[PDB]
Amino acid sequence: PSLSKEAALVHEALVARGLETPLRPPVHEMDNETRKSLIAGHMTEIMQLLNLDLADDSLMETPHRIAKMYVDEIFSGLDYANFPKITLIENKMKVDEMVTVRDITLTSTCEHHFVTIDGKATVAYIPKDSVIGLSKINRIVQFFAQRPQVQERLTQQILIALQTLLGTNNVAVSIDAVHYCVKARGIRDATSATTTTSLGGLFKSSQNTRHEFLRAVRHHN
Amino acid sequence: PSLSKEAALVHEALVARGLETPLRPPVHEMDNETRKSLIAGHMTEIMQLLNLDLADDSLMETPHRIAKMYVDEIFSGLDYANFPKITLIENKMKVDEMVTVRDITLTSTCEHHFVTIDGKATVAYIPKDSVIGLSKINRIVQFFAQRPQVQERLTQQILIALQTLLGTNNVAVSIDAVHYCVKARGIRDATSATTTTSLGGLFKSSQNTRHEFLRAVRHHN
Amino acid sequence: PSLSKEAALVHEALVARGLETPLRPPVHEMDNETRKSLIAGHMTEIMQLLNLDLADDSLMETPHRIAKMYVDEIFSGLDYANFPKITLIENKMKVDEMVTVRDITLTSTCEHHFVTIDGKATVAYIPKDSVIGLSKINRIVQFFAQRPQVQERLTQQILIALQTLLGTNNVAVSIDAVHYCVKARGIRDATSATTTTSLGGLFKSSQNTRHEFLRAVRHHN
Amino acid sequence: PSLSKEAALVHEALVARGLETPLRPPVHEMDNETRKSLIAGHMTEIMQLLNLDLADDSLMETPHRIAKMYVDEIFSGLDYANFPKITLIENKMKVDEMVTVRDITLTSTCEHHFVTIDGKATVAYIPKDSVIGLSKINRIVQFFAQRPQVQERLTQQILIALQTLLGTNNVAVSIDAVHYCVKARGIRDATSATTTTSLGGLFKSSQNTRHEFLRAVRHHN
Amino acid sequence: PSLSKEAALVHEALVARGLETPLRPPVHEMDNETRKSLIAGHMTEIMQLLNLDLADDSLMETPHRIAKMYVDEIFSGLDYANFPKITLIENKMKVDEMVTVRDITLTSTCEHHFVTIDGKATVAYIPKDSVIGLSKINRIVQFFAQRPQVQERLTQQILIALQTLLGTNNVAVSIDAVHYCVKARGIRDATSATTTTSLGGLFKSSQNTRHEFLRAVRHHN
Amino acid sequence: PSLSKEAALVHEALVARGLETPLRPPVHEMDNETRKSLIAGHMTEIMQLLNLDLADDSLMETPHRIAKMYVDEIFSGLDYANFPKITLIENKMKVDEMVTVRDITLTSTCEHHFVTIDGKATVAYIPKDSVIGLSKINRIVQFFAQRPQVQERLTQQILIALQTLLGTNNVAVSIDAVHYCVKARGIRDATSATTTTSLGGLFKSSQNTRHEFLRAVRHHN
Amino acid sequence: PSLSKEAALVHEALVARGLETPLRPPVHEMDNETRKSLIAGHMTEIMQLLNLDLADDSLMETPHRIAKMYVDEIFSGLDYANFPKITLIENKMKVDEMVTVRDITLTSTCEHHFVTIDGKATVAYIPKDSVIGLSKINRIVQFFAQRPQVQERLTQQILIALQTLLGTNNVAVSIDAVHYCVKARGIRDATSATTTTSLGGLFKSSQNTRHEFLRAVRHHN
Amino acid sequence: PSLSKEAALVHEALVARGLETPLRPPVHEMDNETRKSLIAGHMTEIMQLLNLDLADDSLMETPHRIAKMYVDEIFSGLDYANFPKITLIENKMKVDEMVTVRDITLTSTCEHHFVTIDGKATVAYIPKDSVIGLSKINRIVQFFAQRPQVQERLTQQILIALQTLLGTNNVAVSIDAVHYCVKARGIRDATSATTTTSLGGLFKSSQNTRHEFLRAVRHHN
Amino acid sequence: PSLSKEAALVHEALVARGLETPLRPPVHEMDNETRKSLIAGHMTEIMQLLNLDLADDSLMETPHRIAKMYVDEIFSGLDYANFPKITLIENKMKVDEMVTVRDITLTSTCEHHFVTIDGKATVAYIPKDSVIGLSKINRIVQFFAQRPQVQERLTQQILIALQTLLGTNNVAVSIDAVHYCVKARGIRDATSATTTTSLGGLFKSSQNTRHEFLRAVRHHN
């Protein structure tokens, strides 16, 4: 009772290429309710250095909400215990052209200011011996997304994970997103978006394949 | 009085390629009024198991409605006695460029949860000896769509059937659809959509042809 | 350990007004895991009646997948043990103008055929003593959405629930949806949508208020 | 050297009506740099509790960026030392019809999870003796937005602030926004948005005026 | 075995108001296979009078196709044996606000030249004792649309029939359509469209109600 | 006094290639006014067979209106006496790059049911010795459009006609249309459209030219 | 053999209110081929004062084309011999709400520089004793449009004419157009449009009616 | 005092390639005012032949406005005394990639009926030694547009003019426009538009370049 | 205390290729507040020659505001003391496909009239050893945009400045803007816009790469 075959495989692959999120061993076995109260403790401190009145009916519970959100939600992707269960049917249909999943909702956080990243992901792969459940791609994407991230690392992690679970390197990933740490503060650019793409296999090597995919990416609604 | 030339041709061609829908032999001759009532009875139990009050004037008729929807409507594609009448005219116009029928309405069911799939298909072929009635393409698409499906299989069936009927390997099919078992539940993604395509003859081999078709696909209204 | 103050209040308000979903008392404490298998059992029988090979690597978990989806997901709103938690701060800001939450995502199922209803809700209220957490409105809407519904009933239920929890009659609800049993089968209308609305108090009696709300409805993205 | 007339006046006003952001007296004069280093202090603790390797070159400066962002940017409207410089020309043009500034860019933070709030503001007023510079309206709006807010309060603050600095009650404010703690977490609604409006003077009392303003609000690009 | 309660009710109500379609008594019992072949024969002559070569494999089947289209399809609305089965449930939800079904697909024929009319209908009613099945509205619209028409008459028939069936004068119908005998020939106007509406009960008398309905009409996709 | 040089050239080119509309020689000089009445006669019989009261002030001119429309309007392209006049200036500007006339309005009729075809054409050619009047392209397209057509044939005819009149094989034609016999009846698909294309000379042999043209097609307004 | 009942009626009505285009008696009976050669004569002169070389293959025929265009086309509305034939059916359907014809194509000329006016017309009337053929409104509109015009006079003429032919003053006309003499020369404004509206009867007097109509006008595609 | 280097150079170029607008030597020095009064002279004759009452206050100044418009505006590019002043900075920036000015407003007149031509131009060039001011490109384009044109010639004139004034053959020009003598008269096509492109240098010869330019052309707003 | 490493490196590189903004040696150390004041006077001077009454309570502050604006804001990119702080991280993610930043807000000024330039920039590069923080690119762009500019140069500057800080020639830049000196004065073209692009490394020599990036450019919102 710890990890799953797939979860293990992916994690190994990610460290092997040295693409895992920069983590440290958990040292000693610390409860999650402990981590959460500890984290609310610090949030109470920060909130006081801001001069907010924690006595307020609305503010009082924020430290604890921020604590559950960090551990249970927006960063749950740092604990492989949360990896999604994977299901794969055999490729009896003999699909040999690419399958594409466009405009996958994707919300993450910039590791640089812990601010929101709103974006869309398009993922395509060429089935080999197995066909993956379609929702699973959405879930694998949201998983890596729930981690403090840098867009370039995010795009690459997804490629590797899917590559690992599908059994081919013929996978491609493109992400188009908006960083609120560029929009809401700093340079305050309200109109820019960033686009990153990772291409494995034929998607990288074969010019014709490379463009059918790039030609398909970017489907604004 | 059973099946038709075309219906049987198509059916064989699918079984030959290992692409038919996972079916079992109807064992003993079961009349549809009988399948419908038996089915109706199970839905009656399922609704009771859900604590619904079948004594209500709105819910009362639901088991018979669901059973009829299953047998005559949404899954009627599993019975080749429903295959559409095909009509082919002689290619006296000597067309030798592709004919594309785009944005064909496509409603179907995900075989993993029996939930609505809503999408659109784009089909193209290059006439050899015969030109098919346009409406017939739409019809063929709906027939295979009225079956519990997996988008990747559904796509190939439309292809193989068309090739078979048209006497050419020069056919291409593309489907862009939304799966409600991805949107309405589970990961609950309100924006992703899946695109799958299958190309035959020149649409596969000729890079020229292939990209002309792909280029034309995706005509959002 | 059974029900929560909010939940019980809501369920009673609805019963008193005769707007609860038609439900028959459980009878005996039948365990949920028992219900799922009985349901999954009947689904198996239904699928064998359609002649599908349940021995297929893709159709085997289906009966089980449906059972779990029905009981745990799309019909979870039938069990008040799933009523969302309510958080209400006091109206110190002295807000006396309607707050409007629009384009709330809403996926439901029709009770006449158990087919997908995909729509959008717009809720509005004039806070009296308390202001509610914004997401709770969303959560309340989805709770009632996960039930075999009739759009007319669904709209009323959301009104009563909200009127009850906020201690006011000044609430308004409008739902704009697409029913697949109209779209995907039957008459097969691919463009019609249905709009229903429930107006309480001022939204109903005051011409001025009523139109301010209706004017602000139907925000297609 | 502390505060300016404008700010003290606005500040008093909000406090008088019980609409100031819940703040605690600083207590003792803590140097903003200490504050930041303390905040960055606690954030480091938190990042360690999430098991992130702060030894990494990318995560290394994060606690310090967050600290600086919090105090100097996203929450800078908590200190009136930051209130914008107001300019008021004489209303010689004898303007007696509303002036409406629409689609003011507004990015704030919800106070329940400190997550991004992205929206637009529409402000109108009827000039009495003074006529404020246009951009000031933009600056005042963004001032109160740089605080842990609640849309209902933020709307009121803006109204009160402008009525005060303008000399009239004839001011209207409407904000329309997306709360990411609703969109990127929890219920995860990708489509809803919230609209709040605060009406003063003729905008509240005069129906003709009230609807002239409501009619114009909501200019999506 | 002839007509149905509702079919006859509706039919009478139209004749009573002098709104039925200009029909004559079927004289002697003429079987539809007979009407179809007789019709087919005239189209055969008309096509010959046009110098078309019925020996061609594409034109050969046209007379039988046109006759069937006329009798079973596009004009099948002239025979009440085709009226749709109506289903009404008890208004236990006590709805007392209008229900609007908007953008119903409507294809019809101009009676002046037997040319396609393509448009959309918006229908609304306020339930008294009963709520009708939504799909039934669409169906009723198509029934009266499958008749040689004049938009102004077609609009009223839908109204009167609905009033009759729903036991209320509180119904409203609006149709926006394109006439191909205006677009495809004659003046040849590629952009005009005609809107016609008929209001009953409160939708006529109450200015309040009337404008709420009109306000909601015209939902271009 | 019978036919014009252009007309005769065109009619012959089409006959030689076997692409003329299937026509049977008149036989005897039957006067057009005689044809119209015989046609109007049969239409009368057809309408009486549908049970319509031809004595109605609105249905009385119909048989006569149809006859005139068929012979004089929508099928006028069957009589080369209606071929448009051609004006060709010499190519002094030495134009050697394709001229493209796009979104040419095209309304036609299907030959399988005589129902409206509403579409758009895009024509392109590389002038050799002569440049044609722009409107003539339009006029040529509508000439062939006014004939019971099959889109595949229609496209070829326009190519041949233009190739013939301009003395070049460097012409290209693409037609994008909606067939009401698909939309308004039968399968009743409300979203599919059909695209056909005919490429001559360089447009067919030169990869470079072919794509420049296809790339420039499908200009939805 | 000169004029038609309707044509006369309208012309009288127009002079009676003194709204006719400023014409003069034709003095003496001058042939139309004479007027046209005379007019080409002057056009040849103008063209020479511009230094164009009329010897050119393209220019040579312009004087005559401009001459036919003026007399036979763009100004044919100055000769009531061209008025359209009107057909009116009796209002047996008892329509008593307004009928509307939107986005009627309308091309005219400014009397001030004989340059193009591109626009759209919306016309509505409330049937009284008779219902007019729908295409007839389009034709009456294009008729007055084919005259040197000033937009305000144009709008009024149409009102009167329809008022005269329908037998009620309850008619309304709105025109939205673009004047190329404002766009292509002079101030050269590329974005403005002008809108004129004439309201007769209840459309002018009754506030409620006045706005249902104004609320409907302006349907950009 | 007659012409400038720029103009004489352009002029010679067009004449050398046989692309100048067909002009006749002025012959004798006629004073532009006489010309205008002569032109206004003939236009008065024409308006009298159309039976318009020139005694009217609105039609009174028309012949004089037309005369002035013709000579001083819409046809002013016929006199090179009107050629724009060209400015050329030194290409120090060493720009070696194309510069593309898109959607240049272009309003011209067709030379067959002197009717409005409204369109857009897209121009690109690859700087060699000189780099022209941006607006000049706009001015040169509008210079040749102010002439009775033929789109095919107008496109060529612009190309030649710019190649000459720039020092390179690397210039591309594409115009897309609506001819009103096609839209407002004759065939009356409300939707078609014509596209003409002229390619020089690498734009003609280099496929890579050619398609980079064609790819970017056609930016509808 | 003068300039930073980066700043220096960029500035040199520009001078080296001779693409620096034409600057003269400051000569003697003149304080800014002194420059601002000297400029202010010269404004008061100009505003007096325009005849504007500087005594007005609203025109008063202008020379001082224009004063601040030129030096402190819109031309601040002239002083490298303002170059933004650059932050790079290790490319441990092994990113080797391009990273694209689109629709970057760009507000410049033309150097020919000091008039507003309003565009959008798209920047891309293929990471080598370091990966720049996203927000930085935006900052670099606004820096060079804060200078009296000529589009063709601005594009070039942004390119070199980036190739220098990233250590790769593999950078690409595209700018699409509207020059108000072309729109609001002079030729007054309200619709044209200009596009300039600079390609380094593979973006210039690799056909494939070159087109991947050009295919991405131009993301209108």
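The chains carry the letters A, B, C, D, E, F, G, H and I, assigned in the order they are written, with residues numbered from 1 in each.
Note that a residue touches a chain if its C-beta (ideal position, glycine included) is under 8 Å from a C-beta of that chain, and two chains touch if they have at least 3 such contacts.
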Repeat of the A-B interface, chosen from C-F, A-C or C-D (over half of contact pairs identical by residue number): C-D
Pair joined by more contacting C-beta pairs (B-D or C-E): C-E
Separation of mean Cα positions, chain F and chain D [Å, integer]: 63
Mean-CA-position distance for chain C and chain B (Å): 31
Computed distance of Cα centres, chain G from chain E, in Å: 34
Chain B, residues touching no fewer than two other chains: 58, 61, 89, 105, 112, 150, 181, 186, 190-191, 215, 221
Residue ranges of chain B in contact with chain D within the complex: 188, 190-191
Complex contact set, residues of chain A against chain D: 21-26, 35, 38-39, 42-43, 45-46, 48-56, 58-59, 61-62, 65-66, 69-71, 73-75, 78, 105, 107, 111-116, 118, 148, 150, 180-181, 183-186, 190
Sites on chain F touched by chain B in the complex: 17-19, 112, 150-153, 156, 179, 181-182, 186-187, 189-199, 207, 211, 214-215, 218
Chain G residues within the chain F interface of the complex: 57-58, 87, 89-90, 221
For the chain A and chain B complex, residues of the former touching the latter: 89, 92-95, 97-105, 120, 127, 131, 133-135, 138-139, 142, 208, 212, 215-216, 219, 221
